[PDB]
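Data from protein_32.json: JSON, C-alpha atoms and all ligand atoms
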```
[["chain", "number", "residue", "atom", "x", "y", "z"],
["E", 201, "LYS", "CA", -21.67, 11.62, -7.53],
["E", 202, "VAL", "CA", -17.91, 11.88, -6.82],
["E", 203, "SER", "CA", -16.32, 8.42, -6.48],
["E", 204, "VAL", "CA", -13.19, 6.68, -5.29],
["E", 205, "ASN", "CA", -12.01, 6.72, -8.93],
["E", 206, "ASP", "CA", -11.71, 10.50, -8.84],
["E", 207, "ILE", "CA", -9.20, 10.72, -5.97],
["E", 208, "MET", "CA", -7.17, 7.49, -5.93],
["E", 209, "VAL", "CA", -3.46, 7.66, -6.85],
["E", 210, "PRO", "CA", -3.28, 5.99, -10.28],
["E", 211, "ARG", "CA", -1.87, 2.46, -10.45],
["E", 212, "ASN", "CA", 1.30, 3.63, -12.31],
["E", 213, "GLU", "CA", 2.11, 5.98, -9.43],
["E", 214, "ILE", "CA", 1.82, 3.45, -6.63],
["E", 215, "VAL", "CA", 5.11, 3.14, -4.73],
["E", 216, "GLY", "CA", 5.83, -0.45, -3.81],
["E", 217, "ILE", "CA", 8.64, -2.97, -3.91],
["E", 218, "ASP", "CA", 9.15, -6.03, -5.99],
["E", 219, "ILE", "CA", 10.09, -8.59, -3.41],
["E", 220, "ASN", "CA", 11.95, -10.34, -6.25],
["E", 221, "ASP", "CA", 14.84, -7.81, -6.15],
["E", 222, "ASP", "CA", 18.12, -8.79, -4.50],
["E", 223, "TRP", "CA", 18.00, -8.02, -0.83],
["E", 224, "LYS", "CA", 20.33, -5.00, -0.82],
["E", 225, "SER", "CA", 18.08, -3.52, -3.50],
["E", 226, "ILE", "CA", 14.93, -4.13, -1.42],
["E", 227, "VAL", "CA", 16.37, -2.48, 1.69],
["E", 228, "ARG", "CA", 17.65, 0.45, -0.35],
["E", 229, "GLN", "CA", 14.08, 0.96, -1.67],
["E", 230, "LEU", "CA", 12.55, 0.55, 1.76],
["E", 231, "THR", "CA", 14.81, 3.13, 3.39],
["E", 232, "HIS", "CA", 14.12, 5.54, 0.46],
["E", 233, "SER", "CA", 10.32, 5.13, 0.66],
["E", 234, "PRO", "CA", 8.64, 8.49, -0.03],
["E", 235, "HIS", "CA", 5.51, 7.37, 1.90],
["E", 236, "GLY", "CA", 4.33, 5.84, 5.19],
["E", 237, "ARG", "CA", 2.91, 2.64, 3.70],
["E", 238, "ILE", "CA", 4.11, 0.79, 0.58],
["E", 239, "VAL", "CA", 3.01, -2.24, -1.41],
["E", 240, "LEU", "CA", 4.97, -5.48, -1.31],
["E", 241, "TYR", "CA", 4.50, -7.50, -4.49],
["E", 242, "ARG", "CA", 6.10, -10.22, -6.56],
["E", 243, "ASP", "CA", 6.93, -9.07, -10.13],
["E", 244, "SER", "CA", 4.13, -6.58, -10.62],
["E", 245, "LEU", "CA", 0.86, -5.24, -9.28],
["E", 246, "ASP", "CA", -0.71, -8.34, -10.76],
["E", 247, "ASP", "CA", 0.56, -9.95, -7.62],
["E", 248, "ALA", "CA", 0.24, -7.52, -4.71],
["E", 249, "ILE", "CA", 0.99, -9.32, -1.46],
["E", 250, "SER", "CA", 0.79, -6.95, 1.51],
["E", 251, "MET", "CA", 0.89, -3.36, 2.70],
["E", 252, "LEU", "CA", 3.96, -2.53, 4.78],
["E", 253, "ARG", "CA", 4.12, 0.27, 7.29],
["E", 254, "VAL", "CA", 7.52, 1.72, 6.55],
["E", 255, "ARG", "CA", 7.94, 3.20, 10.08],
["E", 256, "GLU", "CA", 7.45, -0.28, 11.45],
["E", 257, "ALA", "CA", 10.09, -1.76, 9.16],
["E", 258, "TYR", "CA", 12.58, 0.94, 10.07],
["E", 259, "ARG", "CA", 11.86, 0.24, 13.70],
["E", 260, "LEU", "CA", 12.56, -3.47, 13.20],
["E", 261, "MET", "CA", 15.72, -2.69, 11.24],
["E", 262, "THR", "CA", 17.16, -0.76, 14.21],
["E", 263, "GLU", "CA", 16.89, -3.80, 16.53],
["E", 264, "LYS", "CA", 19.53, -6.33, 17.64],
["E", 265, "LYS", "CA", 18.51, -9.26, 15.33],
["E", 266, "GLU", "CA", 19.48, -9.08, 11.63],
["E", 267, "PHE", "CA", 16.56, -7.65, 9.64],
["E", 268, "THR", "CA", 15.40, -10.25, 7.11],
["E", 269, "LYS", "CA", 13.00, -10.69, 4.18],
["E", 270, "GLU", "CA", 11.01, -13.10, 6.32],
["E", 271, "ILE", "CA", 10.82, -10.51, 9.12],
["E", 272, "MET", "CA", 9.82, -7.79, 6.63],
["E", 273, "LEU", "CA", 6.99, -9.85, 5.11],
["E", 274, "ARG", "CA", 5.51, -10.90, 8.44],
["E", 275, "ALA", "CA", 5.56, -7.22, 9.48],
["E", 276, "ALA", "CA", 3.39, -6.16, 6.54],
["E", 277, "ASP", "CA", -0.43, -6.18, 6.78],
["E", 278, "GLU", "CA", -2.82, -7.73, 4.35],
["E", 279, "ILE", "CA", -3.97, -5.30, 1.72],
["E", 280, "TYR", "CA", -7.42, -3.73, 2.16],
["E", 281, "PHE", "CA", -9.29, -3.89, -1.17],
["E", 282, "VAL", "CA", -11.89, -1.35, -2.33],
["E", 283, "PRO", "CA", -14.09, -1.98, -5.40],
["E", 284, "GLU", "CA", -13.71, 0.38, -8.36],
["E", 285, "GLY", "CA", -16.17, 3.27, -8.30],
["E", 286, "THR", "CA", -17.13, 2.98, -4.67],
["E", 287, "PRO", "CA", -18.53, 6.43, -3.81],
["E", 288, "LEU", "CA", -16.56, 8.62, -1.41],
["E", 289, "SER", "CA", -19.58, 8.74, 0.88],
["E", 290, "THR", "CA", -19.82, 4.95, 1.25],
["E", 291, "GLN", "CA", -16.05, 4.48, 1.57],
["E", 292, "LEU", "CA", -15.90, 7.07, 4.38],
["E", 293, "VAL", "CA", -18.05, 4.70, 6.47],
["E", 294, "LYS", "CA", -16.29, 1.43, 5.53],
["E", 295, "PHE", "CA", -13.02, 3.20, 6.57],
["E", 296, "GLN", "CA", -14.47, 4.54, 9.83],
["E", 297, "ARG", "CA", -15.70, 1.03, 10.68],
["E", 298, "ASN", "CA", -12.41, -0.29, 9.16],
["E", 299, "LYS", "CA", -10.10, 2.01, 11.19],
["E", 300, "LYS", "CA", -7.82, 0.99, 8.22],
["E", 301, "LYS", "CA", -6.21, 4.00, 6.55],
["E", 302, "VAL", "CA", -5.21, 2.84, 3.07],
["E", 303, "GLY", "CA", -6.81, 0.75, 0.37],
["E", 304, "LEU", "CA", -6.01, -0.60, -3.04],
["E", 305, "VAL", "CA", -8.72, 0.14, -5.57],
["E", 306, "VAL", "CA", -9.60, -2.94, -7.51],
["E", 307, "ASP", "CA", -11.47, -4.09, -10.58],
["E", 308, "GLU", "CA", -14.03, -6.84, -10.75],
["E", 309, "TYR", "CA", -11.24, -8.72, -12.46],
["E", 310, "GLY", "CA", -8.98, -8.21, -9.47],
["E", 311, "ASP", "CA", -7.13, -5.51, -11.34],
["E", 312, "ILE", "CA", -5.61, -2.77, -9.21],
["E", 313, "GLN", "CA", -6.61, 0.69, -10.48],
["E", 314, "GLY", "CA", -5.10, 2.85, -7.75],
["E", 315, "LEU", "CA", -4.43, 3.75, -4.14],
["E", 316, "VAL", "CA", -6.87, 5.60, -1.86],
["E", 317, "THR", "CA", -6.63, 6.91, 1.71],
["E", 318, "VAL", "CA", -8.99, 8.33, 4.32],
["E", 319, "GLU", "CA", -6.86, 11.46, 4.50],
["E", 320, "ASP", "CA", -7.64, 11.69, 0.76],
["E", 321, "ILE", "CA", -11.39, 11.09, 1.05],
["E", 322, "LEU", "CA", -11.99, 13.61, 3.88],
["E", 323, "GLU", "CA", -9.89, 16.35, 2.32],
["E", 324, "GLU", "CA", -11.89, 15.94, -0.83],
["E", 325, "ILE", "CA", -15.30, 15.94, 0.83],
["E", 326, "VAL", "CA", -14.46, 19.16, 2.74],
["E", 327, "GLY", "CA", -12.20, 20.74, 0.09],
["E", 401, "LIG", "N1", 2.55, 3.67, -1.35],
["E", 401, "LIG", "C1", 2.07, 4.78, -1.97],
["E", 401, "LIG", "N2", 2.19, 4.97, -3.31],
["E", 401, "LIG", "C2", 1.72, 6.08, -3.92],
["E", 401, "LIG", "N3", 1.08, 7.08, -3.26],
["E", 401, "LIG", "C3", 0.90, 7.02, -1.91],
["E", 401, "LIG", "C4", 1.40, 5.83, -1.20],
["E", 401, "LIG", "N4", 1.10, 6.00, 0.09],
["E", 401, "LIG", "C5", 0.46, 7.18, 0.21],
["E", 401, "LIG", "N5", 0.34, 7.80, -0.97],
["E", 401, "LIG", "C6", -0.34, 9.12, -1.14],
["E", 401, "LIG", "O1", 0.37, 10.20, -0.52],
["E", 401, "LIG", "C7", -0.39, 10.76, 0.55],
["E", 401, "LIG", "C8", 0.52, 11.11, 1.74],
["E", 401, "LIG", "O2", 0.78, 9.95, 2.54],
["E", 401, "LIG", "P1", 2.21, 9.72, 3.28],
["E", 401, "LIG", "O3", 3.24, 10.20, 2.28],
["E", 401, "LIG", "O4", 2.24, 8.24, 3.58],
["E", 401, "LIG", "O5", 2.05, 10.55, 4.52],
["E", 401, "LIG", "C9", -1.48, 9.74, 0.88],
["E", 401, "LIG", "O6", -2.73, 10.33, 1.30],
["E", 401, "LIG", "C10", -1.65, 8.98, -0.41],
["E", 401, "LIG", "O7", -2.67, 9.57, -1.21]]
```
Could you take the file, read its structure, and then write that structure out as structure tokens?
Ligand SMILES: Nc1ncnc2c1ncn2[C@@H]1O[C@H](COP(=O)(O)O)[C@@H](O)[C@H]1O
Amino acid sequence: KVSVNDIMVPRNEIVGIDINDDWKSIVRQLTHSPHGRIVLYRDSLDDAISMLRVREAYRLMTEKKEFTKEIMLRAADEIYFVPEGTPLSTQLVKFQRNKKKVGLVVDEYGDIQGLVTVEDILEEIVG
């Protein structure tokens, strides 16, 4: 059967930010985000921390108080993790019940394989 593995964005192609970069570098990356959500991590995808809704960050950035790293991090949501090889069928449900919209595909070793989205699953199912 067709599985999550077939449609995920491969690990190498996941857009995220190393929260270790100097602040000006982090903001520059944030404002240049090619996607709606992006991964916050420390050093590499061996240490993914949270999923940040870019639109939310932008929104916070426009406000009166200085936008900070602390503010950014508390604005991100915990990552939703999907086992490797979960079938599209099963994931469709766990996402419907989840109302979550994005997941990181993960090994049994905790090793991120890719990124998957409900948009992605549906469009595949229907073609
Ligand atoms: N942070 C990301 N890194 C890599 N690919 C992504 C990311 N977010 C979304 N995508 C893919 O690009 C598609 C368009 O989403 P978006 O650009 O956020 O509207 C999604 O269905 C994902 O498959």
Which residues come within 9 Å of residue E:269, counting all atoms listed in the file, excluding same-chain residues fewer than 3 positions away, as a compact mmCIF listing (two decimals) with C-alpha atoms, in the frame of the given file?
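And here's result.txt as it stands now:
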```
# COMPACT_ATOMS: atom_id res chain seq x y z
CA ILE E 219 10.09 -8.59 -3.41
CA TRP E 223 18.00 -8.02 -0.83
CA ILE E 226 14.93 -4.13 -1.42
CA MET E 272 9.82 -7.79 6.63
CA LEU E 273 6.99 -9.85 5.11
CA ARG E 274 5.51 -10.90 8.44
```
Wanna dump the stretch 293-321 of chain E-stretch 238-254 of chain E contacts at 12 Å for me, each residue with its shortest atom pair and the distance in Å to one decimal, counting all atoms listed in the file, ordered by chain and number, as CSV?
```
residue,atom,partner,partner_atom,distance
E:300,CA,E:251,CA,11.2
E:301,CA,E:251,CA,10.9
E:302,CA,E:251,CA,8.7
E:303,CA,E:251,CA,9.0
E:304,CA,E:239,CA,9.3
E:305,CA,E:245,CA,11.6
E:306,CA,E:245,CA,10.9
E:307,CA,E:246,CA,11.6
E:309,CA,E:246,CA,10.7
E:310,CA,E:246,CA,8.4
E:311,CA,E:246,CA,7.0
E:312,CA,E:245,CA,6.9
E:313,CA,E:245,CA,9.6
E:314,CA,E:245,CA,10.2
E:315,CA,E:239,CA,9.9
```
Build an axis-aligned box that encloses every atom of ligand LIG 401 (chain E) listed in the file, pad it by 8 Å on each side, and report its centre and edge lengths in Å to one decimal, as lines of an AutoDock Vina configuration file.
```
center_x = 0.3
center_y = 7.4
center_z = 0.3
size_x = 22.0
size_y = 23.4
size_z = 24.4
```
Practice problem: Take atom CA of residue E:270 and atom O6 of ligand LIG 401 (chain E) and report the distance between them in Å, one decimal. | Solution: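 Interatomic distance, atom CA of residue E:270 to atom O6 of ligand LIG 401 (chain E): 27.6 Å.
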Kindly compile the residues surrounding ligand LIG 401 (chain E) within 8 Å, counting only C-alpha atoms and all ligand atoms, and format them as a PDB file with C-alpha atoms, in the frame of the given file.
```pdb
ATOM      1  CA  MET E 208      -7.170   7.490  -5.930  1.00  0.00           C
ATOM      2  CA  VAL E 209      -3.460   7.660  -6.850  1.00  0.00           C
ATOM      3  CA  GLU E 213       2.110   5.980  -9.430  1.00  0.00           C
ATOM      4  CA  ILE E 214       1.820   3.450  -6.630  1.00  0.00           C
ATOM      5  CA  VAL E 215       5.110   3.140  -4.730  1.00  0.00           C
ATOM      6  CA  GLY E 216       5.830  -0.450  -3.810  1.00  0.00           C
ATOM      7  CA  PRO E 234       8.640   8.490  -0.030  1.00  0.00           C
ATOM      8  CA  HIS E 235       5.510   7.370   1.900  1.00  0.00           C
ATOM      9  CA  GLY E 236       4.330   5.840   5.190  1.00  0.00           C
ATOM     10  CA  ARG E 237       2.910   2.640   3.700  1.00  0.00           C
ATOM     11  CA  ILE E 238       4.110   0.790   0.580  1.00  0.00           C
ATOM     12  CA  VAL E 239       3.010  -2.240  -1.410  1.00  0.00           C
ATOM     13  CA  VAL E 302      -5.210   2.840   3.070  1.00  0.00           C
ATOM     14  CA  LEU E 315      -4.430   3.750  -4.140  1.00  0.00           C
ATOM     15  CA  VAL E 316      -6.870   5.600  -1.860  1.00  0.00           C
ATOM     16  CA  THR E 317      -6.630   6.910   1.710  1.00  0.00           C
ATOM     17  CA  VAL E 318      -8.990   8.330   4.320  1.00  0.00           C
ATOM     18  CA  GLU E 319      -6.860  11.460   4.500  1.00  0.00           C
ATOM     19  CA  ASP E 320      -7.640  11.690   0.760  1.00  0.00           C
TER      20      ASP E 320
END
```
Practice problem: Have a look at E:293, E:204, E:230, E:279 and name the one nearest to residue E:218; count all atoms listed in the file. | Solution: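 Looking only at the distances to residue E:218, the closest residue turns out to be E:230.
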Self-check item: d(atom CA of residue E:206, atom CA of residue E:276) in Å
Solution: 27.2 Å
Quiz item: Using only C-alpha atoms, which of E:207, E:275, E:259, E:281 sits nearest residue E:322?
Solution: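 Among E:207, E:275, E:259, E:281, it is E:207 that comes nearest to residue E:322.
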Self-check item: atom CA of residue E:262 to atom CA of residue E:228, straight-line distance in Å
Solution: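 Separation between atom CA of residue E:228 and atom CA of residue E:262: 14.6 Å.
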Self-check item: Selection near stretch 288-291 of chain E, 7 Å with all atoms listed in the file, sequence-local residues under 4 positions removed, as a list in words
Solution: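 Non-adjacent residues within range: residues 202, 203, 204, 295 and 321 of chain E.
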Quiz item: Using all atoms listed in the file, which residues sit within 10 Å of residue E:271 once same-chain residues fewer than 6 positions away are excluded, as a VMD selection string?
Solution: chain E and resid 257 260 to 261 265
